[PDB]
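J.: I'd like to ask some things about the structure below.
Protein chains: 2
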Amino acid sequence: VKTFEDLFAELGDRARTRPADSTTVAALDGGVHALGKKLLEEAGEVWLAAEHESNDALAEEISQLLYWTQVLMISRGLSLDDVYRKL
Amino acid sequence: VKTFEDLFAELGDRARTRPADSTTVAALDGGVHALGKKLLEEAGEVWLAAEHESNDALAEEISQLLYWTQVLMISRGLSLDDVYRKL
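Line by line, the protein sequences give chains A and A'. A prime marks a further copy of an entry chain. Residue numbers are given in the deposited numbering: position 48 of the first sequence equals residue 54, and the series is strictly consecutive. Residue numbers are given in the deposited numbering: position 5 of the second sequence equals residue 11, and the series is strictly consecutive.
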């Protein structure tokens, strides 16, 4: 992954092809409420890591926060442009 | 996926590259006991579907049983050849 968009394109492909190995597929089938919960959990993990853990551990939790944010975007039908226009 | 081996090669790639979206990664990190449990659950789902559900529903559950069988093989370090030599 070179850009935020590389992952986003990948997850869109996973939603199309629905491979057995894709976490995104089950998450997208599973509804928005569970996605919001997961995102909040990960924000807590990020805070813990930011305060108390290594750079690597923090990078790991941030990567998961970014992942779940993208899954939520796809669940609600948002594009990268929808978000990027506000930055 | 054209052959059992296509999926197996894919899951091996996922174990190498460890993408955020891969169910296999978390499962491989998570230990054999949880994998055995998942496999048994899926065998039960397959039986239910075989007795009571559509061909499509049965194909779905079988595909998941095959997936978890492959994840277990990778967890324990088995090759396709290790299994295929016994068929």
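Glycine included, each C-beta is placed from N, C-alpha and C at the ideal position.
Going by the DSSP bridge assignment, what does A':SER28 pair with across the sheet?
T.: Numbered from 1 along the second sequence, position 22 holds the residue referred to as residue 28 of chain A'. A':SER28 pairs with A:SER28.
J.: Taking 6 Å as the limit between beta carbons, can you name the residues of its chain near A':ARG24, skipping five residues before and five after?
T.: If you number the second sequence from 1, residue 24 of chain A' lands on position 18. If we look at A':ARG24 and ignore the five residues flanking it on each side, its Cβ neighbours are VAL31.
J.: With 8 Å as the limit, tell me which residues of the stretch 15-37 of chain A' have their beta carbon closer than that to any beta carbon of chain A; keep them in chain order.
T.: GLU16, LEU17, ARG20, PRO25, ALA26, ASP27, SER28, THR29, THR30 and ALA32
J.: In chain A', which residues lie less than 9 Å from A:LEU13 when you measure between Cβ atoms?
T.: For the purposes of this step, residue 13 of chain A is taken as residue 7 along the first sequence, with counting starting at 1. Simply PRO25, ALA26 and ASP27.
J.: Are the C-beta of A':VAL89 and some C-beta of chain A separated by less than 9 Å?
T.: In the second sequence, the residue the question calls residue 89 of chain A' occupies position 83. So, not an interface residue.
J.: For chain A, check one thing: does any of its Cβ atoms lie closer than 9 Å to the Cβ of A':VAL52?
T.: Looking up residue 52 of chain A' in the second sequence gives position 46. No, A':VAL52 does not count as interfacial toward chain A.
J.: Should A':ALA56 go down as buried or exposed, given a rule of 16 or more other Cβ atoms within 10 Å for buried?
T.: Here residue 56 of chain A' is taken as the residue at index 50 of the second sequence, counted from 1. Its Cβ having fewer than 16 others within 10 Å, A':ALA56 is exposed.
J.: Between the Cα of A':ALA26 and the Cα atoms of A:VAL89, A:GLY36 and A:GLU66, which residue gives the shortest distance?
T.: Residue numbering aside, residue 26 of chain A' sits at position 20 when the second sequence is read from its first letter. With distances taken between Cα atoms, A':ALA26 lies closest to A:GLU66.
J.: If I follow the unbroken alpha helix (DSSP H) through A:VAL89, where does it start and stop?
T.: Locating residue 89 of chain A in the first sequence gives position 83, where the first residue counts as 1. Start and end: 86-90.
J.: Residues of chain A' with CB closer than 9 Å to the CB of A:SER69, please, in chain order.
T.: Stepping through the first sequence from its first residue, residue 69 of chain A is reached at position 63. Simply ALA26.
J.: Quick check: what's the CA-CA separation for A':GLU48 versus A:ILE80?
T.: For this step, residue 48 of chain A' is matched to residue 42 along the second sequence. For this step, residue 80 of chain A is matched to residue 74 along the first sequence. A':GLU48 and A:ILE80: Cα-Cα distance of roughly 28 Å.
J.: Return helix, strand or coil for A:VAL7, following the three-state DSSP convention.
T.: Within the first sequence, the letter at position 1 stands for residue 7 of chain A. Three-state result, A:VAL7: coil.
J.: Just to confirm, are A':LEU34 and A':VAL7 a CB contact at a threshold of 9 Å?
T.: The sequence position of residue 34 of chain A' within the second sequence is 28, counting from 1. The sequence position of residue 7 of chain A' within the second sequence is 1, counting from 1. Not a contact, by the Cβ cut-off of 9 Å.
J.: Could you compute how far the alpha carbon of A:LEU46 sits from the alpha carbon of A:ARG22?
T.: As a first step, residue 46 of chain A must be located in the first sequence, where it is residue number 40. As a first step, residue 22 of chain A must be located in the first sequence, where it is residue number 16. Their Cα atoms are separated by approximately 26 Å.
J.: For A:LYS44 and A':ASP88, I'd like the C-alpha separation in whole angstroms.
T.: Your numbering for residue 44 of chain A matches position 38 in the first sequence. Your numbering for residue 88 of chain A' matches position 82 in the second sequence. The straight-line gap from Cα to Cα measures roughly 38 Å.
J.: Starting from the Cα of A':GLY37, find the closest Cα among A':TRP74, A':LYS92, A':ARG91 and A':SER60 and give me that residue.
T.: In the second sequence, counting from the first residue as 1, residue 37 of chain A' sits at position 31. Comparing Cα positions, the closest option is A':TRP74.
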